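In: piece number one of the complex, untouched:
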Amino acid sequence: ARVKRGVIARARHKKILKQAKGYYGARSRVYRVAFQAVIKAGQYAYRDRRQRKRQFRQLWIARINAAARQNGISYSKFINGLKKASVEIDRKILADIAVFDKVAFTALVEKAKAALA
């Protein structure tokens, strides 16, 4: 029962080369290089599903700090005052409100200040 590999091997290599579209040079053309490129891309994507959550919170916090300091308070005191006021709004929403509704964020700041007062 002699088994030839051509059909399965072509399909196995095509699957990798399709995943490598857009990559520079041999990384999009050459299986040996493309397989390594696609694996490392998956390793990075796994890693960056985690870093994406760190990076966005880093961005949300930076915008809250900017908006808060424009309303006379640092991020750290603002987060504390909101905890003392039992506000459970998270960083993704506070940062969206800081940009898109600057009057509502100012109201959140005077609530935070009131709780520290």
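Out: Looks like it arrived, so ask away. Numbers count the residues shown, from 1 in each chain, chains lettered A, B, ... in the order given.
In: and the gap between residue A:15 and residue A:53?
Out: The gap separating residue A:15 from residue A:53 is 30 Å, by CB to CB, to the nearest Å. From N, CA and C alone the C-beta is placed, and that goes for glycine too.
In: next one: residue A:17
Out: Distance, residue A:17 to residue A:53, by CB to CB: 32 Å.
In: how about residue A:34?
Out: Taken as CB to CB, the span from residue A:34 to residue A:53 is 29 Å.
In: the most centrally placed residue in chain A in helix, strand or coil?
Out: The residue lying closest to the centre of chain A (CA atoms, centre = their mean) is residue A:52, at 2.4 Å. The three-state label given to residue A:52 by DSSP: H, G, I helix; E, B strand; the rest coil is helix.
In: which parts of chain A are helices?
Out: A:6-19, A:31-70, A:75-84, A:91-100, A:102-116 (DSSP state H).
In: which strands and helices sit next to the longest one?
Out: Just to be clear, that refers to helix A:31-70. Contact partners of helix A:31-70 among helices and strands, from 3 or more CB pairs under 8 Å, 6 or more residues apart in numbering; DSSP states H and E: helix A:6-19, helix A:75-84, helix A:91-100, helix A:102-116.
In: pretty sure residue A:87 is touching residue A:109, no?
Out: No. Residue A:87 is beyond contact range of residue A:109, at 11.0 Å (criterion: CB atoms under 8 Å).
In: now for these two: what residues contact both?
Out: By CB atoms under 8 Å, 6 or more residues apart in numbering, residue A:87 and residue A:109 have no common neighbours.
In: more neighbours: which of the two?
Out: It is residue A:109, of residue A:87 and residue A:109, that has more neighbours when counted by other CB atoms under 10 Å, with 23 against 15.
In: chain B comes next; put it on the structure above:
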Amino acid sequence: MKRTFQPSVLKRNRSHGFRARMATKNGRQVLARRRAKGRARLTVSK
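Out: Let me add chain B to what's already shown:
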């Protein structure tokens, strides 16, 4: 330079020719082997 092959047809045929092969039991077995392999040219000869 003088290279190793210096052709002489007399010496070619006395060393490796048909009758030189047929002269000995072991040369006759050379021809047998080359017949068994199906050699077109059994010997050097001509």
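In: on that earlier part again, for residue A:25, see how far away the residue nearest to the centre of chain A is.
Out: 28 Å.
In: against residue A:4, how distant is the residue nearest to the centre of chain A?
Out: For residue A:52, the distance to residue A:4 (CB to CB) stands at 45 Å.
In: residue A:68 now?
Out: Residue A:68 is 69 Å from residue A:4, by CB to CB.
In: higher neighbour count, those two?
Out: Using other CB atoms under 10 Å in any protein chain shown, the more surrounded residue of residue A:68 and residue A:4 is residue A:68, with 25 against 7.
In: that one reaches residue A:80, doesn't it?
Out: No. Between residue A:68 and residue A:80 there is no contact under CB under 8 Å: 11.4 Å.
In: next, residue B:3: phi, psi?
Out: When read as degrees, to the nearest 10, the backbone of residue B:3 gives phi -90, psi 170.
In: tell me, how many residues neighbour it?
Out: 5.
In: again, but for residue B:43
Out: Other residues close to residue B:43 by other CB under 10 Å number 19.
In: spatially central residue in chain B, please.
Out: Short answer for chain B (CA atoms, centre = their mean): residue B:16, at 3.0 Å.
In: measure that residue to residue A:88 for me?
Out: 104 Å.
In: got it, and residue B:7?
Out: Residue B:7 sits 105 Å away from residue A:88, going by CB to CB.
In: distance of residue A:23 from residue A:34?
Out: Taking CB to CB, one finds residue A:23 at 7 Å from residue A:34.
In: please apply the same query to residue A:84.
Out: 56 Å.
In: again, but for residue B:46
Out: Counting by CB to CB, the gap from residue B:46 to residue A:34 is 61 Å.
In: who has more neighbours out of the two?
Out: residue A:34 (21 against 8).
In: include this sequence as chain C:
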Amino acid sequence: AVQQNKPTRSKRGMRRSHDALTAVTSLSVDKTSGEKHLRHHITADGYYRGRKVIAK
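Out: Alright, chain C goes in next:
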């Protein structure tokens, strides 16, 4: 002496970016015969400025 890595398609074409040929910018036109010719060269028919300079 020799390369430690295969240069790419790209670096090859960058080196060949100065290999393009220059087309002859314009051809001159003889006053007498109308022939196009290389400037300061005679025509195929043997004319030059307006003179037939070659026997044939």
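In: out of everything not next to it in sequence, what's closest to the residue nearest to the centre of chain B?
Out: Once flanking residues are discounted, residue B:16 sits nearest to residue B:44: 4.6 Å by CB to CB, 6 or more residues apart in numbering or on different chains.
In: how many neighbours does that neighbour have?
Out: Applying other CB under 10 Å, I find that residue B:44 has 14 neighbouring residues.
In: list the contacts of residue 35.
Out: All of this is about chain A. Contacts for residue A:35 (CB atoms under 8 Å, 6 or more residues apart in numbering or on different chains) come out as residue A:16.
In: wait, chain B was what I had in mind.
Out: Applying CB under 8 Å, 6+ apart, the residues near residue B:35 are residue B:42.
In: that one and residue A:23, how far apart?
Out: From residue B:35 across to residue A:23, the span is 63 Å (CB to CB).
In: pretty sure residue A:113 contacts residue A:73?
Out: Yes. The pair residue A:113 / residue A:73 is scored as a contact, 6.3 Å apart, by CB under 8 Å.
In: joint contacts of these two?
Out: Counting by CB under 8 Å, 6+ apart, the shared contacts of residue A:113 and residue A:73 are residue A:81.
In: more crowded one of the two?
Out: More crowded of residue A:113 and residue A:73, by other CB under 10 Å: residue A:73, with 20 against 17.
In: sorry, back to before: need the three-state assignment for the residue nearest to residue B:16.
Out: Residue B:44 is classified as coil under three-state DSSP.
In: so it touches residue B:19, yeah?
Out: No. With contact defined as CB under 8 Å, residue B:44 and residue B:19 do not form a contacting pair (11.3 Å).
In: can I assume residue C:16 sits in a helix?
Out: Yes. According to three-state DSSP, residue C:16 belongs to a helix.
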